[PDB]
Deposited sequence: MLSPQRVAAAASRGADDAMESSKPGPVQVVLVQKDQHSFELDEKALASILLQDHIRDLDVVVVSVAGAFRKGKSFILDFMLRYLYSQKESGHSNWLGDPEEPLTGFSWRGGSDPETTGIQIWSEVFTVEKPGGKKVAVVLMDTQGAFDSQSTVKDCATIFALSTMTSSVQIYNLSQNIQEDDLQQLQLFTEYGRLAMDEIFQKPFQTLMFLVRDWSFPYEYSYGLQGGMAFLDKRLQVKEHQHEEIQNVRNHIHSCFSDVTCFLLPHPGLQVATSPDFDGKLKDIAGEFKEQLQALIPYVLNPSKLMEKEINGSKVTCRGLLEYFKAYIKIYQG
C-alpha cells in the first residue's frame, strides 16, 4: 500500500529480515544504481523519527518537483512513527535523485535505535552508511563518546582490511542546543563546539582519552550541527500532529540549513566500501555478509 518504515534488523540476539531488505533494495529501477545511505542513529526517544520526517518531506518535494511547507499546513505526510524496538529500519521507498552532471543515484533512509547487544546494530549502520548522523540530546557526554568509540571499533573489526578509512562521514547532531550565545546553531558553531568538547572530555576521562584520534582514524569526515529546541508542543506530544506554525521558529530556520546540507543533490555521496562505490544490490550483499560475521 503506502510507504513506511521497514524493520530490517531486529533485536538476546539479532536477525536480518533478508526478504524485507531485499524487496526494497532489489527493485528493478534502483537495483544497479549507486546507493547513498543516510543513517540517523541513537538512543530511544531523542527525536530521530521527527528529523527523518523532515528528510522525507525534502525528498518527496524534490521527487514531486518551499519544501518545508506553509505555516498553516499540518505536517500531513508519510511519517516514520511499541516504538521501543531495538534494531534498524529503512524507508520502503528508495528515491532516485539526479546529481549535477546527470548521474542518477538511489537514496536510502536508515533509522538505528537502541539503548551491549546494540553494539552490533550501531556498527552495522555505521558500516553501511554514507553519513552516520549520531543523534544526541543537549550535549555530548562521556557515555556518548564511550559508546561511539565502541561501536565504530566493532564495525572496523568486521572489515578485514582497509586500504583507506573504514567509514565515510560522521555527523554529531546535537538536539535542543540551548547556548547559541556560546556556539551558534548550525554547522560552524557545531564544529567549534565539537572540537572543544572532545578536548575537554578526553582530558576528564581516560577511557576516551584518544577518542578524537580514534574517530578521525575511522571517518573521512566528522562534522557537528547544533539544532534548536522544537518548542514545547513538539516536546510534550507523544505523536506531534500539529501544524508547521506550532513548531518553534528557529528550529524551522535551522531545518532549512540542515536538511539540504544533507540531501541536496550536490551533497549526496555514494556509499563506498573497499574503495569502490556500492549499488543497492551490493548494499544488500554487504548487510548479509556483515550480519554473518557478527553471528
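What the model leaves out of the deposited chain are the segments 1-21, 33-36, 91-93, 110-112, 147-153, 334.
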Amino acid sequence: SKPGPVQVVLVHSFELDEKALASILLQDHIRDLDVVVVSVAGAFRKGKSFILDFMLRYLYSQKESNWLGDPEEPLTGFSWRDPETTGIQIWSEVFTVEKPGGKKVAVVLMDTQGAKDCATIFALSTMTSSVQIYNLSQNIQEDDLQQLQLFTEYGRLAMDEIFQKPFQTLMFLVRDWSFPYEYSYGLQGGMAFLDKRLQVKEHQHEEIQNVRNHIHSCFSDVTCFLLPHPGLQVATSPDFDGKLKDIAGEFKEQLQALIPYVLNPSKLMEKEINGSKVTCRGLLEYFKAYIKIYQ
From here on, numbers count along this sequence of modelled residues.
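Averaged over Cα atoms, the B-factor as recorded in the entry is higher for 13-21 than for the other of 279-287 and 13-21. Set 48-56 against 234-242 and average the Cα temperature factors; 234-242 ends up higher. Looking only at 171, 118, 136, 192, the residue with the top Cα B factor in the deposited structure is 118. Ranking 142, 73, 182, 153 by the C-alpha B-factor listed in the PDB entry places 73 at the top. Among all modelled residues in this chain, the alpha-carbon of residue 79 has a temperature factor (C-alpha) in the highest third.
When all modelled residues of the chain are sorted by CA temperature factor, residue 35 is found within the lowest third.
In this PDB entry, the Cα temperature factor of residue 197 sits in the bottom third of its chain's modelled residues, the lowest group. Compared with the other modelled residues of the chain, the Cα B-factor recorded for residue 110 ranks in the middle third.
Ranked against the other modelled residues of its chain, the C-alpha B-factor of residue 65 as given in the entry falls in the highest third.
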